[PDB]
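Presented below is the structure to which this report refers.
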Amino acid sequence: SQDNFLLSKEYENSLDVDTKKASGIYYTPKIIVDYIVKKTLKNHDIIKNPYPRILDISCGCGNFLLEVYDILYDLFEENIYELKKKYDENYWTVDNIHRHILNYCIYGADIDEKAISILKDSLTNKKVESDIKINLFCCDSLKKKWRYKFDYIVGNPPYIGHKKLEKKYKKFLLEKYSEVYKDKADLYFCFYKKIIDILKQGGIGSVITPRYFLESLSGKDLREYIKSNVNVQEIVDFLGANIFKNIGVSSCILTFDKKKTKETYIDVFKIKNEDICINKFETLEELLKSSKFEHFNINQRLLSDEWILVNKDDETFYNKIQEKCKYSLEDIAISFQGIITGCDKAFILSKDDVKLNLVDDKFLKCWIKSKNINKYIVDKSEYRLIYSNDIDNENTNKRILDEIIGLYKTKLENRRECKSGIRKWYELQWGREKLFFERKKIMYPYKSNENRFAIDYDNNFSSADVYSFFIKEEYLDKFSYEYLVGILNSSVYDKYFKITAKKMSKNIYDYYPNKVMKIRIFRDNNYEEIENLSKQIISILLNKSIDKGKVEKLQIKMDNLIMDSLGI
DNA sequence: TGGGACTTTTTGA
DNA sequence: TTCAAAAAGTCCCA
Ligand SMILES: Nc1ncnc2c1ncn2[C@@H]1O[C@H](CSCC[C@H](N)C(=O)O)[C@@H](O)[C@H]1O
């Protein structure tokens, strides 16, 4: 028997990293391909419909299409005599199965000419006369005028973010795919739209994509399109598990249909242990039914713009917290992203760097990283930011410009606002407002394994890897920073935030304002005790010679208080 | 070479 | 004028 994943693996090894990233050339492993193909084609009635059109618009070398060929050959061979009796007796013979499949059943598209030729040769070599016409298109699937729809669509689209995509192509996507593609969206949104649009009535689509669109702000329109145009049959969420070897992406498998049905429920399989060697096991189907995965059902008609895919216990937990809390962080706080210098090496220096003797302390700010943020407090800053925006006189401070900032001048000149003349070559790209940072505030890392909200007492500045917020004046008498960090750092709120948080990679969640500011908060009779416990924790943490042991006990007591307050 | 600590600036709006 | 989102992440080693 043939190894359908050998020539494709060799072609993958031939390419380098840049050409892979520019076109998203990362082929799917055999276990996922087997699961998707057998999920779509296990129950096909080949006698009822012996002309199923099965498409992969990103076929590549044909990881999906060769397995599809094998499944189709078995299907036809098992019912050849029934097909012979029901239809033309001379057309339906075993020796004619091959020519039939390639003529009517397998369709592939890809921009990669060499991959198309390799797949064509692989399809031809499935059998050892007239040259059979193989339905392989070398084209941009997002520009191709498709002349007919398809019974089944399987595959893996390219993933290209908003930085790696060309300007003109992005303009085309915004003009023609505006239903799913805006702002910081991804190309696989457009591939989702194209797959849905050319799926026949009653057809089935099943693809593996990144999982980020399930929760991300950019995926809202795509989620609406999917919810309103297809019936989502199944969502397999791998969370931070590594499905693609040596690839830093988080994957989900999605199966949907356009069948006219009153059924509106979705099977959701969510992995429970992200430390799993998926390729070690024989099938994905056995893994889904094991204890490594949990299964629940979600009513698609009950999906809002946010898809909250949790089991009944977590849904009850989330609903209790939502109903009890009358305020959100957005209601009471002002949030902002950190400084974006545009070139950190030019403006960020070690606080022991000798070059800081050239810079007057009026221009120097304390600089912290995401790892400097712990629970309730921030580590002492190790770095200084040169707030070069306040260097108005270019004639003076020429030592600073020539010996520190100018060492990267060329790179500083390639920033967007310098090319347009908005910024001077030595200025910060996005210097924000100094007064927002130089005050008591709360800071949290932009990516973390857990809630880490700290009170900043030292007017620390930061890059965009740290987000900040401060309480509005009108809400200062109702909420204090100590109480806020007390409740936000609790295990209750850790779980509550992770209910809807954007899962990025293994043990990493996105902590961005678009979801952090939606966290709801409460105040009740337990306010004083929670605030007092938080202040005790802060006092213990700030002592130079101290042990963190009692902090855990205080945290347990505070978690008990919060659970009592929220009735969970 | 797979697992863990850590996270820049480009970009549309 | 100036906000904030975005992992086919990056990068190192035992
Ligand atoms: N605009 C476009 N139209 C069609 N195919 C494209 C495309 N942009 C990228 N591709 C192709 O999409 C493929 C994604 S890699 C996945 C290949 C295959 N489906 C598998 O799972 O193994 C790449 O081979 C790339 O060449």
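Note: hydrogens, waters and symmetry copies are ignored here, and every other heavy atom, side chains too, is used. The sequence lines fix the lettering, A, B, ..., with proteins before strands; numbering per chain opens at 1.
- In plain terms, the two heavy atoms of A:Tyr481 and A:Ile471 that are nearest each other are OH-N, 2.9 Å.
- Residue A:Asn414 is classed as having no contact, given no heavy-atom separation below 4.0 Å to the nucleic acid.
- Among A:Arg415, A:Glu417, A:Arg416, the one residue that satisfies the side-chain hydrogen bond (donor to acceptor under 3.5 Å, both in side chains) test with A:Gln429 is A:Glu417.
- Separation of the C1' atoms belonging to C:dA14 and B:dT7 is 23 Å when rounded to the nearest angstrom.
- In this structure, CG of A:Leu428 is placed 13 Å from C1' of B:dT9, rounded to the nearest angstrom.
- Spacing of P atoms, C:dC3 relative to C:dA7, comes out at 22 Å, to the nearest Å.
- A:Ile508 comes within 4.0 angstrom of a base, heavy atoms only.
- Using a 4.0 Å heavy-atom cutoff across all strands shown, A:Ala464 reaches at least one base atom of the nucleic acid.
- Taking 4.0 Å as the cut-off between side-chain N and carboxylate O, A:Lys227 and A:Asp305 do not count as a salt-bridged pair.
- Residue-level contact check: A:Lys502 touches the backbone only, with heavy atoms under 4.0 Å from sugar-phosphate atoms and none from bases.
- Pucker assignment for C:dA7 gives south. The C1'-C2'-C3'-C4' angle has a negative sign.
- Nucleic acid contact for A:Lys411: sugar-phosphate only, since backbone atoms but no base atoms lie under 4.0 Å from a heavy atom of the residue.
- Contacts of A:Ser463 with the nucleic acid, taken as non-hydrogen atoms under 4.0 Å apart, include base atoms.
- OP1 or OP2 of C:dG9 sits under 4.0 Å from a side-chain N or O of A:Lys21.
- Between A:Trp430 and A:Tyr446, the residue whose closest nucleotide on DNA chain B is further toward the 5' end is A:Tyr446.
- In this model, the phosphate group of B:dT8 is approached by a side-chain N or O of A:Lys369 to a distance below 4.0 Å at OP1 or OP2.
- Within 3.5 Å, a donor on the side chain of A:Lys163 pairs with an acceptor on the base of B:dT9, or the reverse.
- Using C1' as the reference atom, C:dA4 and C:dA8 are 23 Å apart when rounded to the nearest Å.
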